[PDB]
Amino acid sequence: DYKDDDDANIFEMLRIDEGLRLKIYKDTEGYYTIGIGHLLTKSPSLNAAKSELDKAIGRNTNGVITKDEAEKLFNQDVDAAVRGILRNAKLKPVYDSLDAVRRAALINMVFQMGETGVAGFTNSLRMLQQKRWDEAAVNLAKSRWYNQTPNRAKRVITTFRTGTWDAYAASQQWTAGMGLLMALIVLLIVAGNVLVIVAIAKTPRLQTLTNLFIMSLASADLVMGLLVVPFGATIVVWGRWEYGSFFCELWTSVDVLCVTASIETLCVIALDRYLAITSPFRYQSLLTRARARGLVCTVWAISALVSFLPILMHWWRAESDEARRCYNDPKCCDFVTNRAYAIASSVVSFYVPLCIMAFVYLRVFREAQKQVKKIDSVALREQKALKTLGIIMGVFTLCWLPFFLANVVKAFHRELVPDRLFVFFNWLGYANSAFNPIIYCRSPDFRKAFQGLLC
């Protein structure tokens, strides 16, 4: 029938906003429920609920149904909302003035708040019936509704404002696009870094002292691909933190830990190659294989101290409205910090290692020119291995310097960094966990090592 597609459209709107379940389940109050919030019965008996389902559906479902049958239930719930809207003196005149798309927005609010809940938006309702859409969208956003479910509320409010479905089309392709891209990013990180660890760990040719440090660097990248990036992607895709306040702080701590360990490992590398080329005899006299393992544990030990300790102590916390409402919402895991912590933490964990790692390695890179004023083909074999260390140090500074310059600009004046931009700089740094294994293939020894392990 020519009216069928409007029922499918509003069904898909709420499918995105409330979700869909095709098997009977208990709602938070414990009543048997299926579909998009269709409450089957308040009776405790499960068979009474399947009985009510089989009546509405016209077959013996055994408590399982198809998408199309879930839409059949939902059309009945939509009729009940319309009846309630039509009997509410504040909502009926607005509903009568709206087209199908804006009626779907209003019906969607009714599913979330109820008629009385929507009826309390007395000024926004006046602006809708007055077709002052942009002003209705502003007043609607000034609400606890908007603050508690901003993703759904932005979509509904955009729908009242434009009169289109574009916010729901934009969402559904965002979940598919970014859901896929994030999946590939987690695999490219876990794949490239798991290979680098096993290659150095079981290739005798690769068991270089510098490769002992690179295994620390790849070990940081692998925790990123296992315990950090996968969970930060759910925020980028789902629009909220699903794992509670406790795992929010732990995730944040491991995230700060791995980044702090990486720049410190790059700094220890630059200090290793500087001692190696300025004082070779002290290098042989000082660095045993076991002491090199001690530097790694000391780096992670300093990193966990400078990462876990401030975070578990809540030294980072701020008093702003943005900060307190996130701290009191488990669904929010934004890392809102006080201006003091934003500086001291990023300086101790990053700028200081970045300057030493950048200052020392340049004096390393110039002394090699000071000792090789010649043309040579075998020199290319050693300029290449030195260049690889300067690429990894460079790609790290590129992937993460913007995130930390914005972090200090954000501290003095939040005006300048959009949250959209700051999140993008943070994912430029997450991408570094992918690049390193690719850069490790620049050297011939890793190259034949990767090629043998894959067959």
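In this text, residue numbers run from 1 along the sequence as written.
- Mean CA temperature factor is higher for 347-355 when stretches 81-89 and 347-355 are set side by side in the entry.
- As recorded in the PDB entry, 399-407 is the stretch of 399-407 and 32-40 with the greater mean C-alpha temperature factor.
- For the set 100, 292, 229, 153, the PDB entry assigns the largest Cα B-factor to 292.
- In the deposited coordinates, the residue among 360, 340, 176, 73 with the greatest CA B-factor is 360.
- Ranked within its chain, residue 194 lands in the highest third, by CA B factor from the PDB record.
- Among the modelled residues of its chain, residue 369 has a C-alpha B-factor that falls in the highest third according to the deposited record.
- Looking at the C-alpha B-factors along this chain, the one for residue 134 belongs to the middle third.
- Looking at the C-alpha B-factors along this chain, the one for residue 211 belongs to the highest third.
- Among the modelled residues of its chain, residue 257 has a C-alpha B-factor that falls in the middle third according to the deposited record.
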